[PDB]
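Protein chains in written order, with the working numbering: chain S, 1 to 128; chain H, 1 to 70; chain Y, 1 to 74; chain L, 1 to 135.
Built from N, CA and C at the ideal position, the CB exists for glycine as well.
See structure below.
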Amino acid sequence: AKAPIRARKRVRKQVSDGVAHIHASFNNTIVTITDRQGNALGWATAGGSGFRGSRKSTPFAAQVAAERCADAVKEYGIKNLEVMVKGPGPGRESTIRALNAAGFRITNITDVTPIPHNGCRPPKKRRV
Amino acid sequence: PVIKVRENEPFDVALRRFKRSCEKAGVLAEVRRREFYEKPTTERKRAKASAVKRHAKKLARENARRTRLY
Amino acid sequence: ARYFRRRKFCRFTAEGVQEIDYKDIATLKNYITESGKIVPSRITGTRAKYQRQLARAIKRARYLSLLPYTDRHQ
Amino acid sequence: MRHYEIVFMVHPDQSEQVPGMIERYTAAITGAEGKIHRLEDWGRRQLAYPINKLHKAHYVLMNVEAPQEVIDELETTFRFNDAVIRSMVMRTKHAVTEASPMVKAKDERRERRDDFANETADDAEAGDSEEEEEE
RNA sequence: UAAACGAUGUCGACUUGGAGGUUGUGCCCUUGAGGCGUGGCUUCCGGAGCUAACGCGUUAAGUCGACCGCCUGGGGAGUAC
Numbered sequence: 001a002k003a004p005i006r007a008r009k010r011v012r013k014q015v016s017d018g019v020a021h022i023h024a025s026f027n028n029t030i031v032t033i034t035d036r037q038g039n040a041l042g043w044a045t046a047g048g049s050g051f052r053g054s055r056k057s058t059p060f061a062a063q064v065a066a067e068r069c070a071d072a073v074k075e076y077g078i079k080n081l082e083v084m085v086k087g088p089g090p091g092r093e094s095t096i097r098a099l100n101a102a103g104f105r106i107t108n109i110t111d112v113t114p115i116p117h118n119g120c121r122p123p124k125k126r127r128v
Numbered sequence: 001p002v003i004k005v006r007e008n009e010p011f012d013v014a015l016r017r018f019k020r021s022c023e024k025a026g027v028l029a030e031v032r033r034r035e036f037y038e039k040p041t042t043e044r045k046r047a048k049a050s051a052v053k054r055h056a057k058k059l060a061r062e063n064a065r066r067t068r069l070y
Numbered sequence: 001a002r003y004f005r006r007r008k009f010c011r012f013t014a015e016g017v018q019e020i021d022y023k024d025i026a027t028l029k030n031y032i033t034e035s036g037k038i039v040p041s042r043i044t045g046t047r048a049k050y051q052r053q054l055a056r057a058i059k060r061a062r063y064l065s066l067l068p069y070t071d072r073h074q
Numbered sequence: 001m002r003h004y005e006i007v008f009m010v011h012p013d014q015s016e017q018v019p020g021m022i023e024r025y026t027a028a029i030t031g032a033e034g035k036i037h038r039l040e041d042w043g044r045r046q047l048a049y050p051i052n053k054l055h056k057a058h059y060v061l062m063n064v065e066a067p068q069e070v071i072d073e074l075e076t077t078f079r080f081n082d083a084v085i086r087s088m089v090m091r092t093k094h095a096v097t098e099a100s101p102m103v104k105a106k107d108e109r110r111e112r113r114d115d116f117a118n119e120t121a122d123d124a125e126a127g128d129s130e131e132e133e134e135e
């Protein structure tokens, strides 16, 4: 129930709106909340959810990362969200459902996945 | 490859099929392997090979009737 | 009546659009999505010539920032 | 002759260098019994991704026909112009030099969608209205 | 140098073709990347013929022509000399 409280006054950046960036690999997910002109208001990870290994890169581990980060940024004072996506990695939808469950609208699921003009030769991996 | 193209009426689940038209293919598909220059010319070019199944399939419909499986 | 030669919808069901010009952006966009990339020829059933000169033209155009070169610039 | 469609764009602040070089280039083309079949300036336009800094550049579309020799001194010169950021010169086969597809969009840009500013007065001094310093 | 080839030398004469991909080009609601008229590479399909077998078949592995390259059990040797 309601309490008889003194005035509330604190600032961090009082942003009201943001962008998120999700850099999705095969081993992990990186989810990072930013300011609209583009500056960090917080991050989380699926390794910083402390699953370790391959288990950091599943829909269920993408989910809880998205939720880790979304809680803290309420102190930066954000209320609405947009997302930038960059990768072929797992957690395609299940990371978005969790951003939506922090009470934010997510109308824009924007792919910016950078395609170099056939960049640097990748690690050979197996000898076949 | 959630794909930039926006799905009719926005939702938390991307309608990834209906978004994509030719994306990921060639561009973000050959992950973490040694890139060759000319290999596609003999490796990939199987258009001739798929044209045979499409003729064969158009032949066999008439023939199942002629056998009376139909 | 005889000799119409290309009124409309005749020779081919899909039109060849441009060849080698690259200074208009809308003639190019007939084969470039909003996602920012060129379409495979298999999917349209285009004939190969109009596609081959366009590959060249779309790149001439990309290098002059008449188009976005890469998806990160949407 | 063979037909060479040169289009090029110029950085605004260094643009004052090109208005003296283009008018020597058009004179090297008509001086060899090739032709300038239009010489269209389009004004200043927004680049999608930056080239050689700034997100804007200033466009000139020549519509050249010229002999092969002449094009050998010119390509090396526009490519090593500091005022020019990039140029592209297109093939002889199936080539247009008249009836511009972007003639309406050029007029629209020039008339109404331009910057209208002092750094772009520097660009109108680099289009068809070229003015350049005395040496 | 090798897996230098549809693992098949060269060039040329001769032997039912249809259709796809796609291009010069006569004709056509060029209504059909189609049809017919005639060349073009390229590819599916199969006849006469040939093969140990797969497979080829007008881009031969068919009928032939001339001339060339090259082979004669394996290992040891693509080295020795």
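Measure the alpha-carbon distance for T44 (chain Y) versus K59 (chain Y) and round it to whole angstroms.
Roughly 20 Å between the two C-alpha positions.
Measure the alpha-carbon distance for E133 (chain L) versus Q68 (chain L) and round it to whole angstroms.
31 Å
Counting only beta-carbon atoms, is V7 (chain L) nearer than 8 Å to chain Y?
For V7 (chain L), at least one C-beta of chain Y is nearer than 8 Å to its own C-beta.
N80 (chain S) CB to nearest chain H CB: under 8 Å?
no
Using the DSSP secondary-structure output, state which residues sit across from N80 (chain S) in a beta bridge.
S:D17
Using alpha carbons as the reference points, say which of L:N118, L:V7, L:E65, L:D13 lies closest to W42 (chain L).
L:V7
Mind reading off the beta-carbon distance from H21 (chain S) to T32 (chain S)? Whole number of angstroms is fine, and I expect it under 8 Å.
The pair is a contact, with the Cβ atoms about 5 Å apart (cut-off 8 Å).
Given this structure, state the Cα-to-Cα distance separating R7 (chain Y) from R17 (chain H), to the nearest angstrom.
36 Å
Output the boundary residues of the alpha helix (DSSP H) element that contains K53 (chain H).
47-67
What residue does the beta strand (DSSP E) around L41 (chain S) start on, and which one ends it?
For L41 (chain S), the uninterrupted beta strand (DSSP E) run begins and ends at 40-45, by DSSP.
Pick helix, strand or coil for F78 (chain L), following the three-state DSSP scheme.
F78 (chain L): helix per DSSP, three-state reduction.
Does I33 (chain S) come within less than 8 Å of chain H when only Cβ atoms are used?
With a threshold of 8 Å between beta carbons, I33 (chain S) makes no contact with chain H.
Who are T32 (chain S)'s beta bridge partners in DSSP?
In the DSSP output, where bridge partners are listed per residue, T32 (chain S) has S:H21, S:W43.
For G20 (chain L) and residue 74 (chain H), the rounded distance between their alpha carbons
Within the shown structure, residues of chain H are numbered from 1 to 70, placing residue 74 (chain H) beyond reach of any answer.
Residues of the stretch 26-59 of chain Y whose Cβ lies closer than 9 Å to any Cβ of chain H, in chain order:
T33, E34, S35, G36, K37, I38, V39, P40, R42, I43
How about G103 (chain S) and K13 (chain S): do their beta carbons lie closer than 8 Å?
no
The stretch 91-114 of chain L: which residues have C-beta closer than 8 Å to a C-beta of chain Y, in chain order?
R91, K93, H94, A95, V96, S100, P101, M102, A105
From L:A32, L:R45, L:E119, L:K53, residue whose alpha carbon lies closest to that of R112 (chain L)
L:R45
Whole angstroms are fine: how far does the CA of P12 (chain L) sit from the CA of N52 (chain L)?
In a straight line, the C-alpha of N52 (chain L) is about 12 Å away from that of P12 (chain L).
Tell me, please, which residues DSSP counts as bridged to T110 (chain S).
S:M84
What does DSSP give as the partner residues of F8 (chain L) in its beta bridges?
The partner list for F8 (chain L) (beta bridge, DSSP) reads L:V60, L:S87.
Could you pull the start and end residues of the beta strand (DSSP E) that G43 (chain L) belongs to?
For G43 (chain L), the uninterrupted beta strand (DSSP E) run begins and ends at 40-46, by DSSP.
Per-residue DSSP class, three states only, for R20 (chain H)
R20 (chain H) falls in the coil class under three-state DSSP.
Buried or exposed: which applies to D21 (chain Y), given that a residue is buried once 16 or more other Cβ atoms fall within 10 Å of its Cβ?
buried
Which residues mark the beginning and the end of the alpha helix (DSSP H) in which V73 (chain S) is found?
Here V73 (chain S) belongs to no alpha helix (DSSP H), and DSSP marks it neither H nor E.
Counting Cβ pairs, one atom from each stretch, are 3 or more of them under 8 Å apart for the stretch 37-54 of chain H and the stretch 1-15 of chain H?
no
Under the rule that 16 or more other beta-carbon atoms within 10 Å means buried, what is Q37 (chain S), buried or exposed?
exposed
Please report how far the alpha carbon of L47 (chain L) lies from the alpha carbon of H58 (chain L), in whole angstroms.
10 Å
CB of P122 (chain S) within 8 Å of CB of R32 (chain H), strictly:
yes
Contact set for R110 (chain L): own chain, Cβ-Cβ below 6 Å, skip 5 residues either direction:
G43
So what's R2 (chain L) in DSSP terms, helix, strand or just coil?
strand
Measuring straight from C-alpha to C-alpha, what distance separates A72 (chain S) and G42 (chain S)?
7 Å
Is it the case that the Cβ atoms of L74 (chain L) and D128 (chain L) are separated by a distance below 8 Å?
Their beta carbons are not under 8 Å apart, which means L74 (chain L) does not touch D128 (chain L) by this criterion.
Kindly indicate if chain S contains any beta-carbon less than 8 Å away from that of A14 (chain H).
yes
Can you tell me which of the three DSSP states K35 (chain L) falls into?
strand
Local Cβ density within 10 Å of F78 (chain L), reported as buried at 16 or more and exposed below that:
buried
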